Amino acid sequence: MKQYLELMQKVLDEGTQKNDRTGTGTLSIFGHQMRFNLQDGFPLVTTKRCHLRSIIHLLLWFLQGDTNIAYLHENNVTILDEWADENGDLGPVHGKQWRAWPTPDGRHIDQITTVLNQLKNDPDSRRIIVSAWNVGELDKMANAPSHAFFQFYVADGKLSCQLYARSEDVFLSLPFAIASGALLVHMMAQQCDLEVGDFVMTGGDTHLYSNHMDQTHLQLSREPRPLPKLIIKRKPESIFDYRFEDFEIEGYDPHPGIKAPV
Amino acid sequence: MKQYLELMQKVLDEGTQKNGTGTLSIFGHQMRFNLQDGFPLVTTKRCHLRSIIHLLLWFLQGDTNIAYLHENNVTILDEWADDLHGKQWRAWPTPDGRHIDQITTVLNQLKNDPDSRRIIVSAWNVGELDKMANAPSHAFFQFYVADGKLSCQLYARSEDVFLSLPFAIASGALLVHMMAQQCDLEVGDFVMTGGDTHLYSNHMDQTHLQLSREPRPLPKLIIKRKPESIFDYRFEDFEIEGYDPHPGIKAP
Ligand SMILES: CCCCCCCCCCCCO[C@H]1O[C@H](CO)[C@@H](O[C@H]2O[C@H](CO)[C@@H](O)[C@H](O)[C@H]2O)[C@H](O)[C@H]1O
Ligand SMILES: CCCCCCCCCCCCO[C@H]1O[C@H](CO)[C@@H](O[C@H]2O[C@H](CO)[C@@H](O)[C@H](O)[C@H]2O)[C@H](O)[C@H]1O
């Protein structure tokens, strides 16, 4: 998409050399924001082939708050493989917190259910928020989630959402993030009888890995095609009751896929 | 500032009416300030670095009672008190019932691992915010170091453009300067990111007044002294130079 390519180009034009924790090099910039008017079409990247199938399972899996990579491997989803251990446990890199923010008093807070009510009963609340950033638990932990904060907002019957990522690989994860947020907004809006507004995507450390230069140049050589449209073929009883089969993407004509290197 | 004015204009132009008190509002904004281009104190109305310095300093002590904020005459946050903000920066409670000093945490990270992609302070403790009533409006921030330059991004879930935002920008930039000093880094950018970004309908007159003024050159922040720690700054360590704003605008 136009915005997306502009970001790649901006990283190339003005990104700074910065290493990650492995010592592996990137071109990085800090602070970025883009907006996708979801009435204009579902923001699935067209300049490389992406797979809605992967976005759906990933999102249904976050929604369950499953902590084991199993379900993701059944359905051929691998973006989280790096952070999985020996027995496929993802540490804190998952969505348990969304549904079961533990509080020391033997208690658990279901954040998703809370936004759901807020959108129906107080759509103007300035704090319709989900956070996975549980400092108390993340403290002495090797890993940490990266898309750990989102906010909803309602104006004129339309539902909008903003996702903050502290770390974003422009080539690898950003397209997943965008479609995943967009998908949730459609599901949220269906459940709450709202129409869809904007999806706003906000970054901290936004970066391209140095060894993805070839992939990036190829993708920047290609013209974005018209956005597809998401079709939901069932209305489930609750946000947690969706199935892979409910979704279809229409009018998706992408450029060929570009594999990530070794 | 040109960017502040653009946002103010934008909310006037494209803000949705809400309401009981009314607002115009938009969702999602981001603006950037290169701190080497000057200290981003708003000039289209006079602000007082005095009140910003005290406010930030108080946040860093992680004090909950607004005792210090009256002895040094800082009104703002009054309407959110009877006491209330910053206790989570310094003392986020663990299951185990210890506490986590996030400010110390990010301080060590900046000194020992500036590359880190998780140099984050959060005030959004969901477990304590189930108590509705009030909630911090500046949920979290992230620091970032590249090429010996320290940037920071502040996220406001709710922002009053007229009253609150100019304060927010100055405070964040001031914090970047202080940490840059404690970690021996140059200052990079301060990035301001918003969720619900609104103007109150009872601030229109003031808003039109401010949009009618052209910006002036940004001042320069002076730090007179280097304390031993980020908790060791006092109000008198800071000066502002070449600050030449339009007259201040009081809001009702
Ligand atoms: C709106 C609701 C849905 C939210 C969308 C969520 C879908 C996310 C899509 C792809 C997810 C993977 O992407 C993301 O995961 C990693 C772990 O958190 C991040 O990795 C980051 O955190 C890890 C810590 O455990 C570190 O080892 C990495 O060096 C660091 O960069 C990646 O930098 C980021 O690309
Ligand atoms: C990185 C260092 C800087 C960190 C702090 C930055 C400066 C803070 C001073 C700004 C003054 C107040 O700003 C902010 O206060 C209120 C509560 O937090 C917010 O108020 C918000 O939350 C309240 C309580 O949950 C609600 O009653 C309001 O509906 C909601 O708008 C204001 O919308 C916002 O304007």
# chains A, B, ... in the order shown; residues from 1 in each chain; ligands from 1
>>> interface_residues(of="chain A", to="chain B", cutoff="8 Å", atoms="only C-alpha atoms", output="number ranges by chain")
A: 16-21, 30-33, 101-104, 109, 126-127, 131, 133-137, 139, 151, 153, 155-156, 160, 162, 166-167, 200, 204-205
>>> residues_around(residues="residue 163 of chain B", least_positions_apart="4", cutoff="10 Å", atoms="only C-alpha atoms", output="ChimeraX atom specification")
/B:76,159,167-168,199-200,203,250-251
>>> atom_distance(atom1="atom CA of residue 243 of chain A", atom2="atom CA of residue 99 of chain A")
18.4 Å
>>> atom_distance(atom1="atom CA of residue 214 of chain B", atom2="atom CA of residue 201 of chain B")
22.8 Å
>>> closest_atom_pairs(of="chain A", to="ligand 1", cutoff="7 Å", atoms="only C-alpha atoms and all ligand atoms", output="tab-separated table")
residue	atom	partner	partner_atom_place_in_ligand_line	distance
A:20	CA	ligand 1	29 (O)	5.7
A:21	CA	ligand 1	29 (O)	5.6
A:59	CA	ligand 1	3 (C)	6.3
A:79	CA	ligand 1	12 (C)	5.8
A:80	CA	ligand 1	12 (C)	5.8
A:83	CA	ligand 1	25 (O)	6.2
A:93	CA	ligand 1	18 (O)	5.6
A:142	CA	ligand 1	25 (O)	6.5
A:143	CA	ligand 1	25 (O)	3.2
A:144	CA	ligand 1	25 (O)	4.3
A:145	CA	ligand 1	18 (O)	3.9
A:146	CA	ligand 1	18 (O)	3.9
A:147	CA	ligand 1	6 (C)	5.6
A:150	CA	ligand 1	1 (C)	6.3
A:163	CA	ligand 1	1 (C)	5.9
A:167	CA	ligand 1	33 (O)	4.6
A:168	CA	ligand 1	35 (O)	4.7
A:169	CA	ligand 1	35 (O)	4.9
A:172	CA	ligand 1	35 (O)	6.7
A:173	CA	ligand 1	10 (C)	4.3
A:174	CA	ligand 1	9 (C)	6.7
A:176	CA	ligand 1	9 (C)	4.7
A:177	CA	ligand 1	9 (C)	4.5
A:180	CA	ligand 1	3 (C)	5.1
A:181	CA	ligand 1	1 (C)	3.7
A:184	CA	ligand 1	1 (C)	6.0
>>> residues_around(residues="residue 219 of chain A", least_positions_apart="2", cutoff="12 Å", atoms="only C-alpha atoms", output="VMD selection string")
chain A and resid 1 to 2 4 to 6 8 to 9 45 to 49 170 to 171 212 to 217 221 to 224 254 to 259
>>> write_last_selection(atoms="N, CA and C atoms", output="short mmCIF file (atom, residue, chain, number, x, y, z; two decimals), in the first residue's frame")
data_model
loop_
_atom_site.label_atom_id
_atom_site.label_comp_id
_atom_site.auth_asym_id
_atom_site.auth_seq_id
_atom_site.Cartn_x
_atom_site.Cartn_y
_atom_site.Cartn_z
N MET A 1 0.84 -1.17 0.00
CA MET A 1 0.00 0.00 0.00
C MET A 1 0.87 1.22 0.00
N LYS A 2 0.33 2.32 -0.51
CA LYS A 2 1.03 3.58 -0.60
C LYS A 2 1.74 3.97 0.70
N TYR A 4 2.55 2.21 3.18
CA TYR A 4 3.50 1.20 3.61
C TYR A 4 4.82 1.38 2.87
N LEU A 5 4.76 1.51 1.54
CA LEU A 5 5.95 1.72 0.72
C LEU A 5 6.66 2.99 1.10
N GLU A 6 5.89 4.03 1.40
CA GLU A 6 6.47 5.29 1.84
C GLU A 6 7.31 5.10 3.08
N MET A 8 8.84 2.16 3.98
CA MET A 8 10.05 1.46 3.55
C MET A 8 11.05 2.49 3.01
N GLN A 9 10.55 3.36 2.14
CA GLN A 9 11.42 4.32 1.49
C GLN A 9 12.02 5.26 2.53
N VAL A 45 -1.46 -5.95 2.39
CA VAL A 45 -0.37 -5.58 1.48
C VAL A 45 -0.52 -6.26 0.12
N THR A 46 -0.45 -5.48 -0.96
CA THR A 46 -0.61 -6.03 -2.30
C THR A 46 0.70 -6.15 -3.08
N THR A 47 1.75 -5.48 -2.61
CA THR A 47 3.01 -5.49 -3.36
C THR A 47 3.84 -6.76 -3.15
N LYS A 48 3.46 -7.56 -2.16
CA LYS A 48 3.91 -8.95 -2.04
C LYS A 48 2.68 -9.77 -1.62
N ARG A 49 2.59 -11.03 -2.05
CA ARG A 49 1.45 -11.83 -1.64
C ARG A 49 1.51 -12.12 -0.14
N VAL A 170 9.71 -3.69 9.47
CA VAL A 170 8.86 -3.20 8.38
C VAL A 170 8.54 -4.29 7.36
N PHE A 171 9.52 -5.11 7.03
CA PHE A 171 9.32 -6.11 6.00
C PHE A 171 8.58 -7.34 6.52
N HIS A 212 17.83 -7.61 4.32
CA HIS A 212 16.59 -7.60 3.53
C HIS A 212 16.60 -6.53 2.47
N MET A 213 17.78 -6.00 2.17
CA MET A 213 17.93 -5.01 1.10
C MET A 213 17.35 -5.44 -0.24
N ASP A 214 17.67 -6.65 -0.69
CA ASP A 214 17.18 -7.14 -1.98
C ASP A 214 15.65 -7.26 -2.03
N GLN A 215 15.08 -7.77 -0.95
CA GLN A 215 13.64 -7.91 -0.82
C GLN A 215 12.95 -6.55 -0.87
N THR A 216 13.53 -5.59 -0.18
CA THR A 216 12.95 -4.26 -0.11
C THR A 216 12.96 -3.55 -1.46
N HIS A 217 14.07 -3.65 -2.18
CA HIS A 217 14.17 -2.98 -3.48
C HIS A 217 13.21 -3.56 -4.48
N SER A 221 9.81 -1.64 -6.16
CA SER A 221 9.78 -1.51 -7.61
C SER A 221 8.36 -1.73 -8.17
N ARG A 222 7.46 -2.18 -7.31
CA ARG A 222 6.11 -2.62 -7.72
C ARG A 222 4.97 -1.64 -7.37
N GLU A 223 4.03 -1.45 -8.29
CA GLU A 223 2.89 -0.57 -8.01
C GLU A 223 1.83 -1.25 -7.14
N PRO A 224 1.40 -0.58 -6.07
CA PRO A 224 0.30 -1.08 -5.23
C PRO A 224 -0.94 -1.31 -6.07
N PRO A 254 -2.56 -9.74 -5.56
CA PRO A 254 -1.25 -9.21 -5.14
C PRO A 254 -0.15 -9.49 -6.16
N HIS A 255 1.01 -8.86 -5.97
CA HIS A 255 2.22 -9.22 -6.70
C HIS A 255 2.71 -10.55 -6.14
N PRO A 256 3.65 -11.20 -6.83
CA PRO A 256 4.12 -12.48 -6.27
C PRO A 256 4.69 -12.35 -4.86
N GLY A 257 4.83 -13.46 -4.16
CA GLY A 257 5.39 -13.41 -2.83
C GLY A 257 6.88 -13.12 -2.86
N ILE A 258 7.39 -12.58 -1.77
CA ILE A 258 8.83 -12.38 -1.59
C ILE A 258 9.23 -13.07 -0.28
N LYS A 259 10.02 -14.14 -0.37
CA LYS A 259 10.46 -14.86 0.83
C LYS A 259 11.50 -14.07 1.60
#
>>> atom_distance(atom1="atom CA of residue 119 of chain A", atom2="atom CA of residue 158 of chain A")
10.8 Å
>>> residues_around(residues="residue 69 of chain B", least_positions_apart="4", cutoff="12 Å", atoms="only C-alpha atoms", output="mmCIF file with C-alpha atoms, in the first residue's frame")
data_model
loop_
_atom_site.group_PDB
_atom_site.id
_atom_site.type_symbol
_atom_site.label_atom_id
_atom_site.label_comp_id
_atom_site.auth_asym_id
_atom_site.auth_seq_id
_atom_site.Cartn_x
_atom_site.Cartn_y
_atom_site.Cartn_z
ATOM 1 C CA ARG B 50 8.416 26.927 36.315
ATOM 2 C CA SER B 51 5.206 24.909 36.527
ATOM 3 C CA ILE B 52 6.478 22.273 34.105
ATOM 4 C CA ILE B 53 9.726 21.780 35.991
ATOM 5 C CA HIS B 54 7.954 21.276 39.317
ATOM 6 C CA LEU B 55 5.388 18.893 37.814
ATOM 7 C CA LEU B 56 8.025 16.649 36.220
ATOM 8 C CA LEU B 57 10.241 16.772 39.331
ATOM 9 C CA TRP B 58 7.261 15.646 41.409
ATOM 10 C CA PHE B 59 6.420 12.841 38.998
ATOM 11 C CA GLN B 61 9.661 11.303 43.225
ATOM 12 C CA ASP B 63 4.731 11.041 45.190
ATOM 13 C CA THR B 64 0.947 10.717 45.342
ATOM 14 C CA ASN B 65 0.024 13.652 47.558
ATOM 15 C CA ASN B 73 2.213 26.912 43.180
ATOM 16 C CA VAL B 74 1.290 24.334 40.546
ATOM 17 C CA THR B 75 -2.475 24.431 40.056
ATOM 18 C CA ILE B 76 -2.985 21.985 37.156
ATOM 19 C CA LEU B 77 -4.016 18.418 38.135
ATOM 20 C CA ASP B 78 -6.028 20.205 40.864
ATOM 21 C CA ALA B 81 -7.610 15.757 43.284
ATOM 22 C CA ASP B 83 -4.409 13.770 46.515
#
